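Below you'll find the structure, written out as structure tokens, and then a few comments.
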Amino acid sequence: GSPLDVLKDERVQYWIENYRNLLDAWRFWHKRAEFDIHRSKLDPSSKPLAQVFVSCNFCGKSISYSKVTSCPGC
Amino acid sequence: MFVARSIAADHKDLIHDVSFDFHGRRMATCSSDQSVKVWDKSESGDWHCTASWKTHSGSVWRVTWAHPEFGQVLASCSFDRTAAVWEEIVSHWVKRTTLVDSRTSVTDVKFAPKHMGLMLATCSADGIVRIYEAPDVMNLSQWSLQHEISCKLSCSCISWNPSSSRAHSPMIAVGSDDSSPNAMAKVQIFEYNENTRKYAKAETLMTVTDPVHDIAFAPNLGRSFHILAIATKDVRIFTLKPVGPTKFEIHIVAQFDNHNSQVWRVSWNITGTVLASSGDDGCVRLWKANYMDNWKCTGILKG
Amino acid sequence: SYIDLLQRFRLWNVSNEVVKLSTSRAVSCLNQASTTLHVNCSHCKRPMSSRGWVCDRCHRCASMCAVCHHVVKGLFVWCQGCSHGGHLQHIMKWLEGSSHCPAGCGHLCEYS
Ligand SMILES: [Zn+2]
Ligand SMILES: [Zn+2]
Ligand SMILES: [Zn+2]
Ligand SMILES: [Zn+2]
Ligand SMILES: [Zn+2]
């Protein structure tokens, strides 16, 4: 429950990232996800991981979020 | 606090270097007959062999790993003026590149921390330190040469700065083993300049005026300073504090003599609190900090 | 006729085995029409090349596993709600013990 001013100091984030890397090294992978859930619930400043997404062949837009089967766009 | 055991692993020659991987499940060893072996662990706990191949023309000094986000990559440096890069295809390791820019024997090779890409620095016995990069991570046959550094001495060891914070510029440190009867400093540190895009000398440890066989940095873990370790006729630990290249307030916190010989290797652990040392008396010693921030010996193991 | 009879009984392995080794071109061309997926990098919003795991502009790997934090070169599972996923057998084991997106975006990926 710290204020959003101190969670933006570029010294707490370094500590959190170092702890996550330590958890990765020991191959503790479910514990890291458990920590990530409880950290995203409290601190909303940080965005989650960025990955790939699937795009329609006729628009070029994303099919992410009216047949369930058809593209939401075209 | 430490107890020693023997490990079932058959070798026919004498081992020069040992190395580990990021998770601690593979290892690579290089022997006197110019052979490198890759050892895999198991759920039971035993070690098995997976590969064996002759590599160079002359003698092989070193072998080192790389981060698993780049694949399975190894690097070796030898006496015949080259350094090579090996990759695993599944299981037979193949060759990718051979760095031939040197004119004397290469003494040390080291991979760079992750956040700068896939980079590799070597050092020779003529006084040159070189740095390579690979702009495409899916084509390990194409490397490039980016920097050269002249040290005006005989290089014998290098080490990177593991810190990955946004406030630390890349750093590197170079030691010397020359026995020239003089009073020159044998450890200098080079720092990157983001403006001119070059490397520049930033500090020079003027109190180390004796032969040096190894240096090593220690992981940051979010501290306010840097910890350095030297391997000369005695073991010393320095600290650097941040205050054109930046300025530092170099202190000293440790100076041990308990070997009565010349110490050869120093290596840290994942957290950066315990130190290992190997001297010419056939024993391995471990050091730690204490409540009073005074370094005290922890264990003694005889090989 | 054989393919239809097999599909009634819900045996897709045998049906696809027959389609693969069929002696006629018309049958062999049945699982080839419209079975290719297009994937894009969500940092730069650009299409990705047909063979590779590193973005052309961002110079970042995008096929990151959301559980094991390695690079995914083979099979990739995906959630259409929050656009997260990873290895085929990693997410499958994670989702039978919890009901949260492992990347931690506050999504209930099966809505249960
Ligand atoms: Zn569409
Ligand atoms: Zn991109
Ligand atoms: Zn995975
Ligand atoms: Zn999600
Ligand atoms: Zn989801």
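Please note that chains go A, B, ... in the order of the structure tokens, that every chain numbers its residues from 1, and that ligands are numbered from 1 in the order shown.
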Near residue A:55, within 12 Å and counting only C-alpha atoms, which residues show up once chain neighbours fewer than 6 positions away are dropped, as a compact mmCIF listing (two decimals) with N, CA, C and O atoms, in the first residue's frame?
# COMPACT_ATOMS: atom_id res chain seq x y z
N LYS A 61 -6.34 -6.21 -39.32
CA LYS A 61 -6.57 -5.86 -37.93
C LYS A 61 -6.52 -7.10 -37.04
O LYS A 61 -6.44 -8.23 -37.52
N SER A 62 -6.57 -6.88 -35.74
CA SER A 62 -6.48 -7.96 -34.77
C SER A 62 -7.86 -8.55 -34.51
O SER A 62 -8.87 -7.84 -34.54
N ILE A 63 -7.89 -9.86 -34.24
CA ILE A 63 -9.15 -10.55 -33.99
C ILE A 63 -9.34 -10.70 -32.49
O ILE A 63 -10.25 -11.41 -32.03
N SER A 64 -8.50 -10.04 -31.71
CA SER A 64 -8.63 -10.05 -30.26
C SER A 64 -9.73 -9.09 -29.85
O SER A 64 -10.38 -8.45 -30.68
N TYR A 65 -9.96 -8.99 -28.54
CA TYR A 65 -11.01 -8.12 -28.03
C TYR A 65 -10.42 -7.01 -27.17
O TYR A 65 -9.96 -7.25 -26.06
N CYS A 71 -14.68 -12.92 -38.47
CA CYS A 71 -13.86 -11.82 -37.98
C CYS A 71 -14.75 -10.72 -37.41
O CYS A 71 -15.76 -10.37 -38.02
N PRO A 72 -14.40 -10.16 -36.25
CA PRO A 72 -15.23 -9.09 -35.69
C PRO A 72 -15.27 -7.84 -36.55
O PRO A 72 -16.15 -6.99 -36.35
N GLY A 73 -14.35 -7.70 -37.50
CA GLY A 73 -14.28 -6.49 -38.29
C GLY A 73 -14.99 -6.53 -39.63
O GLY A 73 -15.76 -5.62 -39.94
N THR C 36 -3.33 -21.46 -42.76
CA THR C 36 -2.15 -20.69 -42.40
C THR C 36 -2.57 -19.49 -41.55
O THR C 36 -3.52 -18.78 -41.89
N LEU C 37 -1.84 -19.27 -40.46
CA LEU C 37 -2.14 -18.19 -39.53
C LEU C 37 -1.14 -17.06 -39.70
O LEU C 37 0.04 -17.30 -39.97
N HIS C 38 -1.62 -15.83 -39.54
CA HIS C 38 -0.76 -14.64 -39.57
C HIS C 38 -0.64 -14.08 -38.16
O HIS C 38 -1.66 -13.84 -37.50
N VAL C 39 0.59 -13.86 -37.71
CA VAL C 39 0.85 -13.38 -36.36
C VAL C 39 1.65 -12.08 -36.44
O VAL C 39 2.46 -11.89 -37.35
N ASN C 40 1.41 -11.19 -35.48
CA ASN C 40 2.01 -9.87 -35.45
C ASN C 40 2.61 -9.60 -34.07
O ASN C 40 2.17 -10.15 -33.07
N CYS C 41 3.62 -8.73 -34.04
CA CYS C 41 4.25 -8.31 -32.79
C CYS C 41 3.41 -7.22 -32.15
O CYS C 41 3.09 -6.22 -32.81
N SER C 42 3.05 -7.39 -30.88
CA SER C 42 2.13 -6.46 -30.24
C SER C 42 2.82 -5.22 -29.68
O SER C 42 2.13 -4.34 -29.16
N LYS C 45 3.17 -3.52 -33.62
CA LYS C 45 2.03 -3.75 -34.50
C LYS C 45 2.47 -3.91 -35.95
O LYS C 45 1.98 -3.23 -36.85
N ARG C 46 3.41 -4.82 -36.18
CA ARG C 46 3.88 -5.11 -37.52
C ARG C 46 3.86 -6.61 -37.77
O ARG C 46 4.06 -7.40 -36.84
N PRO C 47 3.60 -7.02 -39.00
CA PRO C 47 3.61 -8.46 -39.31
C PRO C 47 5.00 -9.05 -39.14
O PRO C 47 6.02 -8.39 -39.34
N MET C 48 5.02 -10.32 -38.77
CA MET C 48 6.25 -11.05 -38.50
C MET C 48 6.58 -11.94 -39.69
O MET C 48 5.68 -12.42 -40.38
N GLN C 80 -7.66 -15.70 -26.69
CA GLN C 80 -8.21 -14.65 -27.53
C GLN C 80 -8.78 -13.49 -26.73
O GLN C 80 -9.19 -12.48 -27.32
N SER C 83 -4.82 -12.00 -25.01
CA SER C 83 -3.70 -12.07 -25.95
C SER C 83 -2.40 -12.49 -25.27
O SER C 83 -1.35 -11.88 -25.48
Return the neighbours of chain C among the residues of chain B, cut-off 9 Å, counting only C-alpha atoms, as an mmCIF file with C-alpha atoms, in the first residue's frame.
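As written to disk, iface-v7.cif reads:
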data_model
loop_
_atom_site.group_PDB
_atom_site.id
_atom_site.type_symbol
_atom_site.label_atom_id
_atom_site.label_comp_id
_atom_site.auth_asym_id
_atom_site.auth_seq_id
_atom_site.Cartn_x
_atom_site.Cartn_y
_atom_site.Cartn_z
ATOM 1 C CA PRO B 68 19.956 -19.427 -22.826
ATOM 2 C CA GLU B 69 17.858 -16.751 -24.546
ATOM 3 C CA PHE B 70 20.378 -16.945 -27.378
ATOM 4 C CA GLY B 71 20.419 -20.746 -27.725
ATOM 5 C CA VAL B 137 20.697 -13.298 -33.399
ATOM 6 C CA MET B 138 19.595 -15.953 -35.892
#
Could the residues of chain A within 12 Å of chain C, counting only C-alpha atoms, be given as JSON, numbers by chain, please?
{"A": [20, 21, 23, 24, 25, 26, 27, 28, 29, 30, 31, 32, 33, 34, 35, 36, 37, 38, 39, 40, 41, 42, 43, 44, 46, 47, 48, 49, 50, 51, 52, 53, 54, 55, 56, 57, 58, 59, 60, 61, 62, 63, 64, 65, 68]}
Taking only C-alpha atoms into account, what are the residues of chain B at most 9 Å from chain A, put as an MDAnalysis selection string?
chainID B and resid 22:24 164:166 221:222 270:271
Write the selection just made, keeping C-alpha atoms, as an mmCIF file, in the first residue's frame?
data_model
loop_
_atom_site.group_PDB
_atom_site.id
_atom_site.type_symbol
_atom_site.label_atom_id
_atom_site.label_comp_id
_atom_site.auth_asym_id
_atom_site.auth_seq_id
_atom_site.Cartn_x
_atom_site.Cartn_y
_atom_site.Cartn_z
ATOM 1 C CA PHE B 22 22.688 -20.240 -16.197
ATOM 2 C CA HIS B 23 20.560 -22.855 -14.436
ATOM 3 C CA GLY B 24 23.389 -25.143 -13.335
ATOM 4 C CA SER B 164 21.954 -3.734 -15.599
ATOM 5 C CA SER B 165 20.440 -0.581 -14.113
ATOM 6 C CA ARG B 166 19.645 2.433 -16.265
ATOM 7 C CA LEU B 221 21.540 -6.949 -6.597
ATOM 8 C CA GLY B 222 20.637 -3.279 -6.220
ATOM 9 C CA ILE B 270 24.883 -15.563 -7.505
ATOM 10 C CA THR B 271 24.136 -13.155 -4.646
#
One decimal, in Å: what's the spacing between atom CA of residue B:123 and atom CA of residue B:161?
16.2 Å
Give me, as a ChimeraX atom specification, the residues of stretch 7-63 of chain A that a backbone DSSP run labels helix (DSSP H, G or I).
/A:12-25,29-42
